[PDB]
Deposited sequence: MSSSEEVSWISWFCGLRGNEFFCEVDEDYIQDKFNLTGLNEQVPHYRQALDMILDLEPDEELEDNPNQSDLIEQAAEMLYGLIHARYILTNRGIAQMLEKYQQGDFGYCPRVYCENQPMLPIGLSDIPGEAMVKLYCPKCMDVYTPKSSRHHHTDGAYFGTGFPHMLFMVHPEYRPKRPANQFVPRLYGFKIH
């Protein structure tokens, strides 16, 4: 009853993902080159798409491959108009959390990868007000590869939706000692 993609996205720790269309995945032009990064590609793919498979312990490995593949597909997908739209809905809901920087007054953030290359760095969060990047406060997010979001995504969303760019901070930090402005 439940689709693999629906299932995966609803797992704990996977709150930053949206659901990629089957349409997108089914167009091989979108998947160029992934078959060189993922073991068991053909099966990982069948799995993502709820197709029928081929009794090993092994199949656990296809699940891991399935997860990596979905991740890499995801980073490409959220650069498309549909992808952006779904993530924007998430953004509006604060799904990605809020900037911890006092003078950003709780600006909602977006997920981002420091690298497009898997295994380099876990997913981070970008604040468009201070335009810097933060480690997610919740540890359920510390094992999600940032390559499944990519370096470009936030910039891409604000380009398509300039109306969501916040204004510069009204105020900033002013260090004080015994009443005096120091430094």
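Coordinate coverage of the deposited sequence breaks at 1 to 5, 60 to 64, these segments carrying no C-alpha atoms.
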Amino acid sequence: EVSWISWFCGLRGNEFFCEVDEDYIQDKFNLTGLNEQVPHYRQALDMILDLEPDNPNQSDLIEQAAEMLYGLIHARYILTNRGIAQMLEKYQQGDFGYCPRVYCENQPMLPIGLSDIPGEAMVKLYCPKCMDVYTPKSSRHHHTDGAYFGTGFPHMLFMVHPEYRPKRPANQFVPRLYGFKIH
From here on, numbers count along this sequence of modelled residues.
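Rigid core (definition): largest C-alpha set, two forms, superposition within 1.5 Å.
Farther on average from this form in 4 other deposited structures of this protein lies stretch 32 to 40, the comparison being between 32 to 40 and 145 to 153 by RMS Cα distance after core superposition. Displacement analysis by core superposition in 4 other deposited structures of this protein ranks 161 to 169 above the other of 161 to 169 and 16 to 24 in root-mean-square C-alpha distance from the shown form.
Here the stretch with the larger average CA B-factor, out of 34 to 42 and 111 to 119, is 34 to 42.
Stretches 161 to 169 and 12 to 20 differ in mean CA B factor, with 161 to 169 having the higher one.
Annotation for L49: CA B-factor lies in the highest third of the chain's modelled residues. Ranked by C-alpha B-factor against the other modelled residues of its chain, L125 falls in the lowest third. When the modelled residues of the chain are ordered by C-alpha B-factor, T144 sits in the middle third. When the modelled residues of the chain are ordered by their C-alpha B factor, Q86 lands in the middle third.
Compared with the other modelled residues of the chain, the Cα B-factor recorded for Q93 ranks in the highest third.
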